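Heads up, the chain below is alone and in the form deposited in one PDB entry; it's given as structure tokens.
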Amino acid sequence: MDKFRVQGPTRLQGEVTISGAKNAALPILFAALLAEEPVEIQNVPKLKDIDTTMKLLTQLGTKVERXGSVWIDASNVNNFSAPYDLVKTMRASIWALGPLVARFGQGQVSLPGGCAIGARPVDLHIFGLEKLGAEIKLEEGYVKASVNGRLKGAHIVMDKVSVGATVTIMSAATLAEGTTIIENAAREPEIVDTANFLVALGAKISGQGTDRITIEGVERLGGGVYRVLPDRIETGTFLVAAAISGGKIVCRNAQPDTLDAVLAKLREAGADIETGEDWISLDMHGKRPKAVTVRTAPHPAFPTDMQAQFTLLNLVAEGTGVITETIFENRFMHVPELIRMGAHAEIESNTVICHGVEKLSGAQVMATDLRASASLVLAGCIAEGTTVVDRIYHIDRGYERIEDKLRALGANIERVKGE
């Protein structure tokens, strides 16, 4: 069981190159199923889900190969079933459904736990496709979709805002007969990225990033080259790394506009921030951060995915600061770990009351959540002495070589093999 052994305190400073967003790479890889011509997807991170997706794609008849890019040739897709063995470890698997039925008139995806259980978590996907005129069958442990001829454009109103369902509907709609409108579409930068990809292939889409996406169906999608946008949350994690350690950092291969709220919040903490077309710089001028008030909310507001990171910030800042989860529930389970590190905080309802301390103390800690976990690693970096963060595999699933990146920033870090 891999562990991160950290020796603190160390100031985090210098430069880091932000990886492509896993969450944009995924829906794009699936949307590639629509492409009749070869496609090159650039800036794709080397992460478990990407490997799983590649294997899934190959099984369908797609020719796949990777390095920094992933090369895809779906001209020959001829198997329209995503099997149990290939989908099991991954929710994103459902994204194969829409493109298959949209392009091929048929497709199916295995539902772990069977139909009764597995159909529930993907109801919005099913709803969307139905709206598009597909016949959905729940049988033999699968969710099946078929349509005679092309899908049919539709006016679709979402009762729940969903990144997953928005991608399914938008992707499928690009091949539909007519106009499709998605009301209450997810606003995520990842959605914007997937829409842009689609358009690069020849799709007609507008409104991506807003509450309303309008798609005009076309007969076929071609091929081309497309670069996946930067990981906004990874970016935020590094900015915070410097912000809590008195450091200066420059984030390369970044996209400032996906981070409005985070940058604003960092400014409130006293950070000196500068931005360019593809970079972001943060300078604490050797100063401690100032406590901030944080309210997580739907994009483009403050991201819940940045919560743990800012909670940590508050824990070592000058003053008291409160972080409120306005939508999410039971998001503070990692706080007790920080307290064990010498932090002062109270969990109240949907909030955490942070009383900043000058310095943390090394300890043996662990969190199940990916974000909470990386936060523990940052904490170790600035704490006094030795910290051991257990179960880092969680981090490995969403961070591309965080140890290398941290070390290049001055961290004293070591990956330990089963303690």
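The term rigid core refers to the most C-alpha atoms you can superpose between the two forms while keeping them within 1.5 Å. Throughout, we count residues from 1 along the sequence that is shown.
We do not show the form deposited in another entry, though everything after this point is about it.
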Comparing between this form and the one not shown on the core: of 202, 105, 121, 207, the CA moving 2 angstroms or more sits at 121
Align on the rigid core first; then say whether the Cα of residue 264 has moved by at least 2 Å between this form and the one not shown. no
Would you say residue 75 moves its Cα by 2 Å or more between this form and the one not shown, aligning on the core? no
Is_shifted residue 327 between this form and the one not shown (CA, 2 Å cut-off, rigid core): yes
Relative to what is shown, are the Cα atoms of residue 327 and residue 91 closer or farther apart in the other entry, where the gap shifts by 3 Å or more? closer
Distance change of 3 Å or more between the C-alpha atoms of residue 119 and residue 158 in the other entry: closer or farther compared with this structure? closer
